[PDB]
Amino acid sequence: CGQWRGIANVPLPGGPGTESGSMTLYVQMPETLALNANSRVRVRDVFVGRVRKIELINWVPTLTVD
Amino acid sequence: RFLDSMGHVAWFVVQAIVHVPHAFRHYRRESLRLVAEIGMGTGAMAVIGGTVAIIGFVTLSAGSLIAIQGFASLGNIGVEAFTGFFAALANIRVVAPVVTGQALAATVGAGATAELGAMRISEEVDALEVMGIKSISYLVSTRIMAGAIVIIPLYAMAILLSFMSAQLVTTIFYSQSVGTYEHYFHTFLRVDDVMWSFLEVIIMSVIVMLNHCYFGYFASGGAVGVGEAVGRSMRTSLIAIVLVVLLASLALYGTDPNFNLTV
Amino acid sequence: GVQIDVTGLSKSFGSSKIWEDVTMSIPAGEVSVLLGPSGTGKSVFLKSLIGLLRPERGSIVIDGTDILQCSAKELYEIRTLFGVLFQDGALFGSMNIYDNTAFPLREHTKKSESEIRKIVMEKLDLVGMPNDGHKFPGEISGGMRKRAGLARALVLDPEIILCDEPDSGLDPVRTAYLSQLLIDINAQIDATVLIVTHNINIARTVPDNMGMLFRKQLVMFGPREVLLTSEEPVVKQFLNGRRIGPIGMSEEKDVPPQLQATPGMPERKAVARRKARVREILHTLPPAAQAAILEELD
Amino acid sequence: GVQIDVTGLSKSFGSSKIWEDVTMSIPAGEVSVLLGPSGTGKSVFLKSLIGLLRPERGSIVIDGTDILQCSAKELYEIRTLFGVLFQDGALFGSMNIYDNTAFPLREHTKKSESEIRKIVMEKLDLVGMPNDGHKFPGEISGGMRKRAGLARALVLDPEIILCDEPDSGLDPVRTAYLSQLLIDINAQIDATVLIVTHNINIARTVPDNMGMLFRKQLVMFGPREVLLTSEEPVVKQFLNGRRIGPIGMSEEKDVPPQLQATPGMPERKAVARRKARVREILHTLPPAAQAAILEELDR
Amino acid sequence: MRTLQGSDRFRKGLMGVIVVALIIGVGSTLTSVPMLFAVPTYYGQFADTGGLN
Amino acid sequence: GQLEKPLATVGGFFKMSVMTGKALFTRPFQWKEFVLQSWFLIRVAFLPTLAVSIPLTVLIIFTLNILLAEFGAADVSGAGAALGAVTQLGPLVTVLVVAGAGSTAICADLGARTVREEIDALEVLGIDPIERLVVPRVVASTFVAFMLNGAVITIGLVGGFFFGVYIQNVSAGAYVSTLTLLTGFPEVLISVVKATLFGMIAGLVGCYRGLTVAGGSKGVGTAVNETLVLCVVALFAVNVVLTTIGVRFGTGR
Amino acid sequence: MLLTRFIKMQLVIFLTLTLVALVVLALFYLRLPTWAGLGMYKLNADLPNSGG
Amino acid sequence: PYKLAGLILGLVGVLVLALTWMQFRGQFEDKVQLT
């Protein structure tokens, strides 16, 4: 309720990064260019993960990536 | 109970299907009368055109909706010359079969349910059984044959009027050029889709006629129960029509979408 | 006309039973009437005798074949002897009186159009509808519908005729007209007519045999003279329309000279056969009943 | 019991006419019966008497107020005088027999639930349903439905009662029971009972006045003694259920002692008034009818 | 009912269909009506519309 | 004279609706009957509503996804997924499963009351049927249509998401982030207006046909069939008009 | 049997509507002669690449 | 023979659904896998 950022910014079930054994990383981006949550993490252009949260900590955006 | 009801409806549909040759040979004049009654309506609804007028109005409305919303959205985006391409695939794939099915269900199926319920209450089915006549063969099989004969012209008119309404709305009210609309319509429309849609509509009409004849044939409770039978038959018909269209579209285009734009 | 031998019949819709252990012997060619208080399931009995409904137990023998236990192929030939008049005629509104009448002749007989027209016009003349063959069932009154249904039932030369509440929707005068018509029909074609009704004028004027249903049982069945002199409280109360007797206010709380055929019609062989059977039965009746029946027969 | 004055009443469903010029004066408190051949539109007349239907001509002057020329607001009080028994009772299936009976008491009066229970139990016991309050209309039979409709009609102290085909779906024994109940009710409350039926047993024991409709007309209306000794072909044919007479095979081809109130019931005041009117009527009757009625009255 | 089957259905139908047609017409052009939404209209001279609608 | 025959029934319906509105805004409301009719319509038209909405939205999503995947723009599918579901699929499934089930049930119930002379029983008791029967049924029809439209839109969107993601292998983030691209407050508002009007008109037509049943032996069935046909035609016409009005406002423009 | 000549009228008007609708749909909307190949001759071509 | 026909109807429905699902996934036509 208080942290409601939209239907586009809520974590969604399924897909890569949601299965057991997935690793959680934090990426301190200088800026996000209006990137939404549930976007695709790509290694070698292959969709292999998902960004969970894009909370902004102390004016620098931080991304939680599965 | 549940298995017993499924078995009763299965017995009814099997008995109705196996008596189609018997009805075709023995009862031809009755089949022609039912064809006329289904095509041109009955009662107070026959004076306005019957099933043809209702089907035409509903399909014109559906085509107008497609053209209206389609052109609005594409003009907002900017790529509005694709409307003729968007309308056709809207009509054939999803809109026209389902909409024609619901209108056919309402008119023809509710009329059949009401007629068979009135015959059941008025002891006319008992009169037929006393006179040594297969009631199912005389009534339900004749209805099925009449529906099979009448569905193809009805769906042809439905498709024609849906296409006409979409084209008229796009090229008259929205003032799009007729050449661009006709090009994008005739270029991205495949006759194979129309043939498969006709097959879907034929199967759906047979199922709808069977369901409504079942609900009207075993009616009970006097004149009051006929209306409840009509309502239940309508609910079942809606569900069956939507399910049939979904399954057919899933089977046909699951692997090959049958549509090419890019390289 | 042919005889119907009912034995141990019983109907039941679930837990509720309609009538239990009905035993009859409807004689050949004679008019018989089944009576009872309202809500005794007489129409269910009428339907059961032709096979529309299936009694749980019992037997309904016609000729020598129990029509209750026979294949539907044989049932469609058994029902050729029958002719049924329903409470409203059970006509089909799609076709006129002529086509409704000719329908049995077009389904079974391999006759021509001229022969069918002749017999249909004859049977429409028999029931007082000579020039009403072009009208539709929705354009005629209830009595005319009954006449048309009877005419349809007469085309195939029936042996047994069933009548479901001939008094429904008819005042006593038109009911008297229809009763005279039934007597005339039995005089002419000599068909086993069976009627279900609770009317008392019909019960005391028309039939040769009468039976009584009360409290889901058969009280008694027998000839006209046996029941009209009966000292059974239920039969006497019902036939006299009294208010004092076993019959209550609702279902929960539970000799007349007879009608003669129109002059010019052939003699009713049913009357003589009924009189002979009454003479045979006479020695098993109370002395007052025997004396009354002897006075009637003399 | 109040008097109903009908003058020049006519009806027409489309180009056809149901009946024409029905002019009668229904007495006050006297049981009356309107009969005729089937299809003469007697239930139409019965419903027009209260205002369910609107006759094309005439007037129905109940009290001094012509209810045909009356506003809808006023008809909320005229119909308080009425109690209507329909053919099947016209009960409400969503509520039980107790609530069906108490329904007009809750709709019109302001009485507490104790008085409501008292009145409803009294009237249910009156019509032979003392312990059947909890049942629903679907559970009960046609006779019990008629009794429940009557009980619902007897709670607001009606001054007119309209019975629509009380013999429908009933054998002669149950019809006799219901006729005795109606006679008892008129003995107790002296309401103007009017019955529409083509039954002949009813039309020879129950009524004080009788009238007959034949061929879209009213052939005659009059007391029991006048009608049962009338040498009119149509009336004499119908009251005996004969076959030779003007009435045809179908619509297209066109004294008894009387029922007495049960012993222990208050004396019927309609009998004395009926005889008092019959003498003044007999002043002008044919000599054979005069002799027959004089013999009947002097028994 | 008496009121439903009364001999006033023709005028009621005329009035009702006129009201429904008026409602549909006003609802369609409620934004474009000049009486309720009037603003001054200015003009400009251009060499070409340039695809302007 | 040819037009004068249906015009009489049209005038009867319009006068009955005017009296219904007057009784709603003037006479005391019947809360009990409104609750009973609301629950009746819910129990008679909820499961069919889902059973028609789920396969239909699955079919629409499948067609849209395959056509866009061939087009190349498979990330904007959710846009269309929203755009139909809010403004057409919701109200049209409401039209179908309200006219077929609830309107026909109301017509059958009032016809049963009429043929059993319960309407005349009310009328001779001084009571007015239009206030005691029609008003709660119309209000219940409107309420149930509103709720069912909301449920249909939600279930359609969720089912489209699940089908597209778990079957056609589209990206979930593209589905949820493009839903609001073409759908906003005007679309949900016009959907709400459509549902309310559809429910009100269906209730009015059902009540009017039920009160004027012809009895007989086929009168109730004929009345129910005519109710269904009239409801389908009228709701389709009103949907066309309201769709034109709604696209006049637009989220994209 | 039957042949009331009003059912016959409905049948003939329905058949006329059927033929008109079928011919119009087949010619002016579906272009069945084009799909089947009526009034057209076959021609081939060899390409280094499809080009989409 | 109601209970027999109910089973037959259910089996027909299940087989139709299964065949539609198999045709949707292209199980019938055969293809070769390359890496």
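Protein chains in written order, with the working numbering: chain A, 37 to 102; chain B, 163 to 425; chain C, 43 to 340; chain D, 29 to 327; chain E, 143 to 195; chain F, 12 to 264; chain G, 1146 to 1197; chain H, 1257 to 1291. Where a beta carbon is used, it is the ideal one built from N, C-alpha and C, also for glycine.
Sorted by chain position, which residues of the same chain lie with C-beta nearer than 8 Å to residue i's C-beta, five sequence neighbours on each side aside?
i	result
C/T143	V162, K165, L166, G175, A190, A193, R194, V197
F/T31	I141, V145, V146, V149, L215, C218
C/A233	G43, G71, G125, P200, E201, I202, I203, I227
For residue i, count neighbouring Cβ atoms within 10 angstroms of its own Cβ and tell me buried if that reaches 16, exposed if not.
i	result
C/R321	exposed
A/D81	exposed
F/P140	buried
A/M65	exposed
B/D288	buried
F/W50	exposed
F/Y186	buried
B/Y415	buried
F/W42	exposed
B/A268	buried
C/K89	buried
B/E199	buried
What does a CB cutoff of less than 6 Å around residue i pick up in its chain, not counting 5 residues either side in sequence?
i	result
D/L62	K70, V224, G239
F/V104	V63, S64, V163
D/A298	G57, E58, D236
C/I227	none
Find the residues of chain G that neighbour residue i, judging by a C-beta separation of less than 9 Å, and give them in chain order.
i	result
B/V425	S1195, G1196, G1197
Name the chain D residues whose beta carbon is nearer than 7 Å to that of residue i?
i	result
F/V135	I78, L80, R107, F110, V112
Between residue i and the rest of its own chain, which residues show a CB-CB distance below 7 Å, the 5 nearest in sequence each way excluded?
i	result
B/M307	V182, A185, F186, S193
C/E62	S52, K258, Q259
F/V199	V97
B/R305	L196, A274, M371, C375
Interface residues of chain B around residue i at Cβ under 7 Å?
i	result
G/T1163	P315
Residues of chain A with CB under 7 Å from residue i, in chain order?
i	result
F/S188	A44, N72
Give the residues of chain B in contact with residue i, contact being defined as C-beta atoms less than 9 Å apart.
i	result
H/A1274	Here the premise fails: no neighbours, minimum Cβ distance about 11 Å.
Give the residues of chain B in contact with residue i, contact being defined as C-beta atoms less than 8 Å apart.
i	result
F/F82	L423, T424
C/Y118	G294
Cβ closer than 9 Å: which chain H residues qualify as neighbours of residue i?
i	result
B/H170	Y1258, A1261, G1262
residue 433 of chain B	Given a span of 163 to 425 for chain B in the structure shown, any question on residue 433 of chain B remains unanswerable.
Which chain F residues are close to residue i, counting only those with a beta carbon under 8 Å from its beta carbon?
i	result
E/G169	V252, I256
D/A118	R127, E128, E129, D131, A132
Could you list which residues in chain D have their beta carbon closer than 9 Å to that of residue i, in chain order?
i	result
C/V86	Those within 9 Å of C/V86 in chain D number zero; the least Cβ separation is about 16 Å.
Which chain E residues are close to residue i, counting only those with a beta carbon under 9 Å from its beta carbon?
i	result
F/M211	Going along chain E, no residue has its Cβ under 9 Å from F/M211, so there is no contact; the nearest lies around 13 Å.
Counting pairs of Cβ atoms below 8 Å between the region 253-263 of chain B and the region 65-77 of chain F, do you hit three or more?
These segments touch.
Residue ranges of each alpha helix (DSSP H) within the region 197-243 of chain C, 4 or longer
214-231
Threshold first: 4 residues or longer. Then list the alpha helix (DSSP H) segments lying entirely within the region 235-265 of chain D, N to C.
252-256
Pairs of beta-carbons, one from the region 99-115 of chain F and one from the region 298-317 of chain D, closer than 8 Å: are there three or more?
no
So does the region 292-299 of chain B actually touch the region 120-134 of chain C, counting three or more Cβ pairs closer than 8 Å?
yes
Quick one: which unbroken beta strand (DSSP E) runs of 3-plus residues sit fully inside the region 35-106 of chain D? Chain order, please.
47-54, 60-63, 85-90
For the pair the region 52-60 of chain A and the region 200-212 of chain F, tell me if three or more CB-CB distances fall below 8 Å.
No, because fewer than three Cβ pairs between the region 52-60 of chain A and the region 200-212 of chain F fall closer than 8 Å, the two stretches do not touch.
Does the region 241-248 of chain C come within contact of the region 78-95 of chain C, defined as at least 3 CB pairs closer than 8 Å?
no
Would the region 171-189 of chain E count as touching the region 283-297 of chain D if we require 3 or more Cβ pairs under 8 Å?
Flag = no, the region 171-189 of chain E and the region 283-297 of chain D do not touch.
Can you check the region 245-304 of chain B for any alpha helix (DSSP H) of at least 4 residues that lies completely inside it and give the ranges in chain order?
245-252, 258-266, 272-283, 286-292
How about the region 244-252 of chain B and the region 220-234 of chain B: do they share at least three Cβ pairs that are nearer than 8 Å?
yes
Assess contact between the region 249-263 of chain D and the region 77-84 of chain D, defined as three or more Cβ pairs (one per stretch) separated by less than 8 Å. Is contact present?
no
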